[PDB]
Amino acid sequence: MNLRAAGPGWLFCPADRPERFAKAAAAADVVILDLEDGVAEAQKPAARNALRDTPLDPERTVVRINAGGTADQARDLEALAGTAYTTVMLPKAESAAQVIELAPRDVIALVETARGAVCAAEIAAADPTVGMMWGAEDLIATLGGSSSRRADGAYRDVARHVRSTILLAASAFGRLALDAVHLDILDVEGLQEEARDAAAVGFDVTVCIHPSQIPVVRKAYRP
Amino acid sequence: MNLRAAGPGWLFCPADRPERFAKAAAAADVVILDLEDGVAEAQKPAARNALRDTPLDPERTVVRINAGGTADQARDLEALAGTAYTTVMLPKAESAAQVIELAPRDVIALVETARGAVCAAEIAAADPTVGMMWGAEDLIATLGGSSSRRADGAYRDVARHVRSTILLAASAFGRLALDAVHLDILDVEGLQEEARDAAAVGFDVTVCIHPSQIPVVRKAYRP
Amino acid sequence: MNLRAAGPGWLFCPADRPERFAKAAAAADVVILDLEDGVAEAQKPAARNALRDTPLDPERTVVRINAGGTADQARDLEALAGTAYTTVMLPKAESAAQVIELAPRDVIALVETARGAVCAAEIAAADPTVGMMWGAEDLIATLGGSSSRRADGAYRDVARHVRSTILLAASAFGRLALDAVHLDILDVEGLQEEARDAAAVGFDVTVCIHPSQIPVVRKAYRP
Ligand SMILES: O=C([O-])CC(=O)C(=O)O
Ligand SMILES: O=C([O-])CC(=O)C(=O)O
Ligand SMILES: O=C([O-])CC(=O)C(=O)O
Ligand SMILES: [Mg+2]
Ligand SMILES: [Mg+2]
Ligand SMILES: [Mg+2]
């Protein structure tokens, strides 16, 4: 695997919508096929079938599976066996052990809980790890909070603290660093500012949830 | 103990002023009877006697004892034996061991030194721990600094870093998270902003030093 | 050694320019003779000779050597043997072991990489350590970034996170804390603000790269 060779534009795409796969792969540098919150709890088995019969370039495609310890992740690995994918994205990554149990595939840990932020280095250190990502939304939620950004749009302090935390963790161990998804899709000004900053700080990628986000991300990382 | 069931409004009240106990308990969700810097070094033995003959609901009352390794903390535990209190707040909490030696009572660790911030997770992990709190004032002081806030009123960076640090530590281990006391009592605008933010970020409590602070705190955590 | 007794004004001075040594020592509280990036890769052997025949007060002088594991650091220690200097500054300090191998001399660790920030406490804990310093420029560079400050001049978040990280690390272990060099020499307003803040937060020193920077630093730490 050499996802570092790919551009900075990564895009999420629900695994239950195989019709969009082709467009997504063509629009992004890397496509993250989602089996998690991007697919209804009743559409998962469908998304798993589509993940099989509708193949995508394993060179530029990662599969986001479900959280460690769940039944859905178990079903995800079973469905992943019938594909040529080697890299998985683990949500709510909270320990090296959750990463290790995914060996021998490559794992991008998505830190989005307090325990994960606290064990960020341990997670980035694990052998299977090839990338570190963070998410503000589940972070604030699992914290018992209700807002990741303040009035002025800027992320709250805890989220900023974590962003810097996973950047250092990922870097300290030669892992790829992925910046958080800009949830307000129509807010391209905001995305541009975060992406520019992410480029300037060392992040290698900024994940997008909408194809319209890719060109702004690719431009912010231009130079 | 179930202090989580109590409201977000916690209030400090010097143990040498038993006359105010009743008013305090009635005004706050939880009352922190203080045996530390809230009582003159010569009024401590008095505060200890008042802690005995003037009982308060052990369900909504915690006792802040003195720092680990001191003679005063020793005298505090002895005086605490003659009461129905189970939860203590430990100032200058700098290690799991300082928490552990307070077993079998429940402990809320108050991180307010560099060593404590550095060992925040170790402290939150300890078995006796049921809550994590932070304080900017002793933090800057023990750091050799002289100001916790900058011109614009906002906390300096080191303090903000620590605030986020104890929030993640406390949360990662299912502990209660208490935000720092707003020292400028008449500045309700400032308190409102910090409390709102604390509510939004996951803090479960914002400690107050004055009864007039409680209603603003309770409102900020409204929704 | 008692560098804490010295003023807050520390100044870098290339070891290949022995003519300036005298002026530098007279202008600063402590002089950091540089054998690293402050001297051309071809002028190093010259700087090493000048470090020998042109002595400076070992009480107020530290020598910045080259990174652990390099040939240049090896040549630096050999040249350092013929001098009365006891304290060295280690760039790209990334572990306790890199510090330990410099025993028995005193070491000021300069954290300026992700691994170093991640192991900040381990480094500050090492026996040889007497000081902790940080640098934004190599930090962003080694991170794969390209800018340590944002449009408004303020340091980017990752750099601010690290600054606070080495302050707590150094303090938690009774080490001296040195704030980052203000690269824009003619920007005295900016330096004044950072130095004032550093004074207020607990930093004991603010390193300068130009003699004109010392008086502003000394004034910011006045009170
Ligand atoms: O589902 C999404 O689109 C994004 C998501 O879960 C996350 O960032 O954690
Ligand atoms: O004494 C007080 O009122 C508050 C205090 O010590 C602290 O926050 O650490
Ligand atoms: O060379 C200089 O002048 C400053 C430097 O390397 C650093 O701060 O790391
Ligand atoms: Mg998520
Ligand atoms: Mg205190
Ligand atoms: Mg450098």
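Order of the sequence lines sets the chain letters (A, B, ...), proteins ahead of strands, with each chain counted from 1. Keep in mind that the numbers below use all heavy atoms, side chains included, and drop hydrogens, waters and symmetry copies.
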Let me see the working for A/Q73 and A/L90 under side chain to side chain contact (heavy atoms under 4.5 Å, CB included), right down to the final yes or no. CA-CA 9 Å; A/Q73 180 190 273; A/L90 168 74; 3.5 Å; yes

Walk me through it: do A/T61 and A/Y85 pass the test side chain to side chain contact (heavy atoms under 4.5 Å, CB included)? CA-CA 7 Å; A/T61 303; A/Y85 304 123; 3.6 Å; yes

Closest approach of [X] and [Y], non-hydrogen atoms and distance?
| X | Y | result |
| --- | --- | --- |
| C/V181 | C/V207 | CG2-CG1, 3.1 Å |
| B/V118 | C/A121 | CG1-CB, 4.0 Å |
| A/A124 | A/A170 | CB-N, 4.2 Å |
| C/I100 | C/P128 | CA-CG, 4.0 Å |
| A/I140 | A/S147 | CG2-N, 3.5 Å |
| C/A114 | A/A172 | CB-N, 3.5 Å |

Under a 4.0 Å threshold between the charged nitrogen and the carboxylate oxygen, would [Y] count as salt-bridged to [X]?
| X | Y | answer |
| --- | --- | --- |
| A/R175 | A/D204 | no |
| A/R75 | A/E78 | yes |
| A/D29 | A/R60 | no |
| C/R150 | A/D197 | no |

Run the numbers on C/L110 and C/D138 for side chain to side chain contact (heavy atoms under 4.5 Å, CB included), then give the verdict. CA-CA 10 Å; C/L110 164 52; C/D138 273 321; over 6 Å; no

Contacts of C/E122 meeting side-chain hydrogen bond (donor to acceptor under 3.5 Å, both in side chains) (sequence neighbours excluded), chain-then-number -> none

Residues forming a side-chain hydrogen bond (donor to acceptor under 3.5 Å, both in side chains) with A/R64, sequence neighbours excluded: A/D34, A/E36

Residue A/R4 excluded, over 12 heavy atoms near CZ under 6.0 Å: no

Heavy atoms from other residues, nucleotides or ligands near CG of C/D187 exceed 12 (cutoff 6.0 Å):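 More than 12 heavy atoms, drawn from other residues, nucleotides or ligands, come within 6.0 Å of this atom.
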
Find out whether [X] and [Y] are in side-chain contact, i.e. whether some heavy atom of one side chain is under 4.5 Å from a heavy atom of the other.
| X | Y | value |
| --- | --- | --- |
| A/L80 | A/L51 | yes |
| A/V201 | C/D157 | no |
| B/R163 | B/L167 | no |
| A/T206 | A/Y221 | yes |
| A/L178 | A/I166 | no |
| A/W10 | A/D179 | no |
| A/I209 | A/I185 | yes |
| A/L56 | A/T54 | no |

Stepwise side chain to side chain contact (heavy atoms under 4.5 Å, CB included) check, A/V158 with B/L168: CA-CA 8 Å; A/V158 72; B/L168 296 167; 3.9 Å; yes

Pick out which of A/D76, A/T83, A/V39 makes a side chain to side chain contact (heavy atoms under 4.5 Å, CB included) with A/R48. A/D76

Please check: side-chain N/O of A/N66 versus main-chain N/O of A/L35, any donor-acceptor pairing under 3.5 Å?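 Yes.
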
Is the backbone of C/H161 close enough, under 3.5 Å, to the side chain of C/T165 for a donor and an acceptor to pair up by distance? yes

Between B/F173 and A/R115, is there a cation-pi geometry (under 6.0 Å to ring centre, at most 45° from the normal)?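 Yes, A/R115 sits over the ring of B/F173.
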
